[PDB]
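Worksheet: one structure, shown below.
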Amino acid sequence: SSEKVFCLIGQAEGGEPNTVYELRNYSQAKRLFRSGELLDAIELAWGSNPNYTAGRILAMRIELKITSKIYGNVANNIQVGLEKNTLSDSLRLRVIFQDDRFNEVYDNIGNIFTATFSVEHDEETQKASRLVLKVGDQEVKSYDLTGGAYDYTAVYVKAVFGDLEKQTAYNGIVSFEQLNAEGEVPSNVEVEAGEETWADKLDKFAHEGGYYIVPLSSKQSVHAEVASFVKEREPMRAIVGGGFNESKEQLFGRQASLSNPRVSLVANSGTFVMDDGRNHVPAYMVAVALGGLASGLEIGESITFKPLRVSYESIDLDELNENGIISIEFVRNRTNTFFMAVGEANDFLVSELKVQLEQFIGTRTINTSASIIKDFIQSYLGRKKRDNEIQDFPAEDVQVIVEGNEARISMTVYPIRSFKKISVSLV
Numbered sequence: 031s032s033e034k035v036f037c038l039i040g041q042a043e044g045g046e047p048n049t050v051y052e053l054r055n056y057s058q059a060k061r062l063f064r065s066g067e068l069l070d071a072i073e074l075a076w077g078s079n080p081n082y083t084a085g086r087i088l089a090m091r092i093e105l106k107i108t109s110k111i112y113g114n115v116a117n118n119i120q121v122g123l124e125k126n127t128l129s130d131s132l133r134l135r136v137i138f139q140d141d142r143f144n145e146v147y148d149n150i151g152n153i154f155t165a166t167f168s169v170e171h172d173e174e175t176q177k178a179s180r181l182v183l184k185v186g187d188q189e190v191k192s193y194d195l196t197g198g199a200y201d202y203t245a246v247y248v249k250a251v252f253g254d255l256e257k258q259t260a261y262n263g264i265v266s267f268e269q270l271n272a273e274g275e276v277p278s279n280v281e282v283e284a285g286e287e319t320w321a322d323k324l325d326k327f328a329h330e331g332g333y334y335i336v337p338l339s340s341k342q343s344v345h346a347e348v349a350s351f352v353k354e355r360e361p362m363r364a365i366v367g368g369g370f371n372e373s374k375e376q377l378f379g380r381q382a383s384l385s386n387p388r389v390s391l392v393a394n395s396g397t398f399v400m401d402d403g404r406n407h408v409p410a411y412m413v414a415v416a417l418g419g420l421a422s423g424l425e426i427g428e429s430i431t432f433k434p435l436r437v438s444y445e446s447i448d449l450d451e452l453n454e455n456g457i458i459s460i461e462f463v464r465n466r467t468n469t470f471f491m492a493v494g495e496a497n498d499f500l501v502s503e504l505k506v507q508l509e511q512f513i514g515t516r517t518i519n520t521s522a523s524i525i526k527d528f529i530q531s532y533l534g535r536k537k538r539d540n541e542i543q544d545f546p547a548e549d550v551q552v553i554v555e556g557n558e559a560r561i562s563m564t565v566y567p568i569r570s571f572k573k574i575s576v577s578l579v
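In structure tokens, the structure reads:
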């Protein structure tokens, strides 16, 4: 594939407010993250201009109302329904904060109290009475919860109580017809029958799976700190970026001061793609694009998806990695990327191998377990070889002897393009 679930943290002009969500369409990121004005732009865009050749994208917005939404606005209309039926539609959020968190709304009750009166649910309300937002406001996430209409500036008496509360008091009759003094059919059955800032990104970054984390905005300082998460947390890899003139000097300093865990493979690069939701070209910040280039290959480097410049030759391009850095050059129209790949193979393998650990719990360890596990991993490894990726391709924790111990997976694998077998041991 070779797996490819991205992760974006940045500003966004619509909800969800401070939450992850998976994105698989443009229209679902557009839908929720309403827009992106020019700091959030690059995050809407962030979704948009890779998702053309990318799989799944995780995004994060930086900015009785049970749950203040986010990215809502002020005259976003509210609709009060009576059992999935519109009664009032002139409600409207009336106060949000900076994040669109719904602070205040105003629902006119003319219609509803009417309907409510009309159906015995006055001012009780509540149960079938619901309130939803516009479909939709810019922003999402909200939860308005409707209570009652504030009024505080063969017959039987039925007194319903809930909680000692005489919730209801009625007199009904068991006799059809019977009415109260109002000819209100108080026949029971009927009666009832009738309704009777900078820090925030670093603070933010969280558990979620994924092989690519790019916020690109940052430009240095977020990334710089973020990289030291992308590093940390063994079967994951942290990619970083900047760009470009003074930057390349800087970058060559920055990446060497320092972000090599070799599990962390960092990078060295601001796009000029035409994102067709803003049709415009600024420094959209390249990393995102490269992420979509990442989602493909064994490890990626080839043409870029739709450049109209990438922030030129030769020396600087050749120099930059050993440090993670990647830069993109144009040869007679069309781009390629130049930049012991080997790591990814290994990292991936190692990560995958470890996960298989779940299996261990499943069974006991024996010679056979050597097999089985071995076979399983082997199958995986072999597959890698067959597909290509590993060439010239196991574990015995105990020394080769009768004696054995728990199994650790040690493997000597060789990335296809490298005449070297690396020994990795996972235990």
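Throughout the sequence shown, residue numbering follows UniProt numbering, covering 31 to 93, 105 to 155, 165 to 203, 245 to 287, 319 to 355, 360 to 404, 406 to 438, 444 to 471, 491 to 509, 511 to 579 in sequence.
We put the CB at the ideal spot given by N, CA and C, even for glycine.
Contact under 7 Å by Cβ, residue i with residue j
| i | j | result |
| --- | --- | --- |
| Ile460 | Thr467 | yes |
| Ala416 | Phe398 | no |
| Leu578 | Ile561 | yes |
| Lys326 | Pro337 | no |
| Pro567 | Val493 | yes |
| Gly419 | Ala84 | yes |
| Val265 | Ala245 | yes |
| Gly44 | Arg64 | yes |
| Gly198 | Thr175 | yes |
| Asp187 | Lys106 | no |
| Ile365 | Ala410 | no |
| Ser438 | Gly369 | yes |
| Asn453 | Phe471 | yes |
Cβ-based neighbour list, residue i, same chain, cut-off 6 Å, excluding 5 preceding and 5 following
| i | result |
| --- | --- |
| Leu69 | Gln41 |
| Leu270 | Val276 and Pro277 |
| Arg54 | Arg86 |
| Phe267 | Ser278 |
| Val182 | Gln120 |
| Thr564 | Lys573 and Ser575 |
| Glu495 | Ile426 |
Cut-off 7 Å between Cβ atoms - residues of its own chain near residue i, not counting five sequence neighbours on either side
| i | result |
| --- | --- |
| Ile137 | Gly113, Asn114, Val115, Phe143 and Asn144 |
| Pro47 | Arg91, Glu93, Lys110, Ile111, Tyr112, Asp140, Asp141, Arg142 and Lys191 |
| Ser429 | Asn468 and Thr469 |
| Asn279 | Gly263, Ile264 and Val265 |
| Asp172 | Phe154, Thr166 and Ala199 |
Where residue i sits in the DSSP three-state scheme
| i | result |
| --- | --- |
| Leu74 | helix |
| residue 293 | Coordinates for residue 293 are absent; the numbering of the chain skips from 287 straight to 319. |
| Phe462 | strand |
| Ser390 | coil |
| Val576 | strand |
| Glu145 | strand |
| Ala284 | helix |
| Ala250 | strand |
| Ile87 | strand |
| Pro361 | coil |
| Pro80 | helix |
| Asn406 | coil |
| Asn468 | strand |
Alpha-carbon spacing of residue i relative to residue j, whole angstroms
| i | j | result |
| --- | --- | --- |
| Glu170 | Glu273 | 15 Å |
| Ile513 | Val413 | 43 Å |
| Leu134 | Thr108 | 13 Å |
| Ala165 | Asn126 | 11 Å |
| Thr155 | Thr203 | 18 Å |
| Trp320 | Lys34 | 26 Å |
| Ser168 | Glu281 | 15 Å |
| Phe378 | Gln58 | 38 Å |
| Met400 | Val501 | 38 Å |
| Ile524 | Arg363 | 29 Å |
| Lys374 | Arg516 | 53 Å |
| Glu283 | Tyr200 | 24 Å |
| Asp544 | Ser570 | 11 Å |
| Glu256 | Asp130 | 32 Å |
Boundaries of the alpha helix (DSSP H) in which residue i is found, first to last residue
| i | result |
| --- | --- |
| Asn152 | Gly151 to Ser168 |
| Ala414 | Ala414 to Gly419 |
| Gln58 | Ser57 to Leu62 |
| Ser521 | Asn519 to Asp539 |
| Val501 | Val493 to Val506 |
| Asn371 | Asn371 to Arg380 |
| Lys326 | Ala321 to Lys326 |
Extent of the continuous beta strand (DSSP E) run through residue i
| i | result |
| --- | --- |
| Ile137 | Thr127 to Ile137 |
| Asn48 | That residue, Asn48, is in no beta strand (DSSP E); it is neither H nor E in DSSP. |
| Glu347 | No beta strand (DSSP E) contains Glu347, which is instead part of the alpha helix (DSSP H) from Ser343 to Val352. |
| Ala260 | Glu256 to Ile264 |
| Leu123 | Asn118 to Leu123 |
| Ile447 | Per DSSP, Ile447 belongs to no beta strand (DSSP E); it is in the alpha helix (DSSP H), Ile447 to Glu451. |
| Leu181 | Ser179 to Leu183 |
| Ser562 | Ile561 to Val565 |
Beta-carbon proximity list for residue i, same chain, < 8 Å, skipping 5 on both sides
| i | result |
| --- | --- |
| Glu330 | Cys37, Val50 and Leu88 |
| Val550 | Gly556 and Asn557 |
| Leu132 | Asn118, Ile119, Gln120, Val121, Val146, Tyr147, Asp148, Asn149 and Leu181 |
| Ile529 | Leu504, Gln507, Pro546, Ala547, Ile561 and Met563 |
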